[PDB]
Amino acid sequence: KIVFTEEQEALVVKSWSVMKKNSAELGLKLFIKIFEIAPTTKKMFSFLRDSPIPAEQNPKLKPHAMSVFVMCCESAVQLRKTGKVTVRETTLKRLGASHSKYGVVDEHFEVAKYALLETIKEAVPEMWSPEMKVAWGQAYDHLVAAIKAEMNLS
């Protein structure tokens, strides 16, 4: 259980409500960053319907990137309310299984975090601050800690 004030929830929730308006562009930007920092991640998205696809063309990118934002936002709300992330067990186990199936490791989560933080920094420059950065980072960290615990565990 951590301290997470409603001020902190509000930074995440309010910035997301702004960014949500251009979420198509934003999700693309997120993956373009990740793909640049670590091109090996491209091959996690290089096959669609049992056939090669260039990873940037993959229709799962935008809903995937959307998921990252939405679930961090939900996690911010949960942290403030309960001091922890709680994802219904079955969905969490599935999230664990899905990521480990695709060979996602710590470094990928670290690269995505850095990329997520930079995309936010650039999407909402007049809301950006060290505390904004802490609030999204904390939400991401705890979400990923929960998913990881189902990647380690069987």
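A residue's number is simply how far along the shown sequence it sits, counting from 1.
Colleague: Please compare 33 to 41 with 83 to 91 and name the stretch with the higher mean C-alpha B-factor in the deposited structure.
Modeller: That would be 83 to 91.
Colleague: Select between 105 to 113 and 54 to 62 the stretch whose C-alpha atoms have the higher average B-factor in the entry.
Modeller: It is 54 to 62 that shows the higher mean C-alpha B-factor.
Colleague: Considering only modelled residues of the same chain, in which third does the CA B-factor of residue 25 rank: lowest, middle or highest?
Modeller: Top third by C-alpha B-factor.
Colleague: Against its chain's modelled residues, does residue 119's Cα B factor rank lowest, middle or highest third?
Modeller: Lowest third of the chain for residue 119's C-alpha B-factor.
Colleague: Taking only the Cα B-factors deposited for this chain, tell me whether residue 69 sits in the lowest, middle or highest third.
Modeller: Residue 69: CA B-factor falls in the lowest third of its chain.
Colleague: Sorting by Cα B-factor within the chain, modelled residues only, which third would residue 12 end up in: lowest, middle or highest?
Modeller: For residue 12, the deposited C-alpha B-factor lands in the lowest third.
Colleague: Compared with the other modelled residues in the chain, in which third is the CA B-factor of residue 132?
Modeller: Within its chain, residue 132 is a middle-third residue by C-alpha B-factor, going by the deposited values.
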